[PDB]
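So this first bit is one chain, no partners, the form deposited in one PDB entry, shown in structure tokens.
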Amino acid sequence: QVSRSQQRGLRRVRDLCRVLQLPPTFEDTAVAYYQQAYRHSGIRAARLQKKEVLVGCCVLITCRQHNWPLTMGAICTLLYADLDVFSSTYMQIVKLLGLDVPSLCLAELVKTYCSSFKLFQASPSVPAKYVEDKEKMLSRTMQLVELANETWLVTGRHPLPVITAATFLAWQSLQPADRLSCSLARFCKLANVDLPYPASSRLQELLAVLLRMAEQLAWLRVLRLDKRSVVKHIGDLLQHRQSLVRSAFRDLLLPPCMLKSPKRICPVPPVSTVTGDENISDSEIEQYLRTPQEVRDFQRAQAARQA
């Protein structure tokens, strides 16, 4: 009695779970969500592309409930799906099934993403001086991501570029004498990970926050540190991050989109005297009409447009 397009959908759900190497209990939850989804007319009668992304949606909802750090972009890459089609289908099905879906777990994403960075062993592309301890890396990156969240750098942004910037800063700060000459682009390349476009901005924001924190400590404030010289004091700054963040807010610390120069415009006044019932003169309308000469010049121009 179960439809064919439904059977194909349920099979696709199980295959995606298996490919993603998800714990065994997730497959059953995701299958149940697709079945619950198919009971609604708008889903049953869904088109070719929405039917395909629906599989991914049900797997992502299941992952989000278990704090499995699967991003929307990563699921769309796997499925060769359009992010926007996935985006509208996800929002629709959550609303439809009346679910409260937990947000992406950042701590879980740091552990997973950071572990994929190929920096824990020396190779032709990774010199021995650039090799870092996995646990030291994860621990420092997690502290910098928590600092980014606390200092308004995470809210409204893509989460992965924050972790890229924080990983780089964690790595550099663990051996600063030899790693400050290496750029964010070179770091991603040796770690064999793609460079997200916003990672550069997140990096500069994170270095700016670490400088504001450095100003709360007398012995660091007298050093007149810059974005380059602050890197070797990151270990110290993270050790007292709770105290220094409390101190920095006490003395201005706002989301980066707020710290912008005010815009100068002359149409700010909203005063209008329009009633909607005023006379419409003939002269006011005639300016929107072509003259017989304009009509004739235009007609001639369109009479030669073909052959």
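Each residue number is its position in the shown sequence, starting from 1. Rigid core (definition): largest C-alpha set, two forms, superposition within 1.5 Å.
Although it is not shown, the form deposited in another entry is what the next lines describe.
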| query | finding |
| --- | --- |
| Residue 296 C-alpha moves between the shown form and the other one by 2 Å or more, core aligned | yes |
| Residue shift check between the shown form and the other one, rigid core fit, residue 15 Cα at least 2 Å | no |
| Rigid core superposed: residue 281 CA moves 2 Å or more between the shown form and the other one | yes |
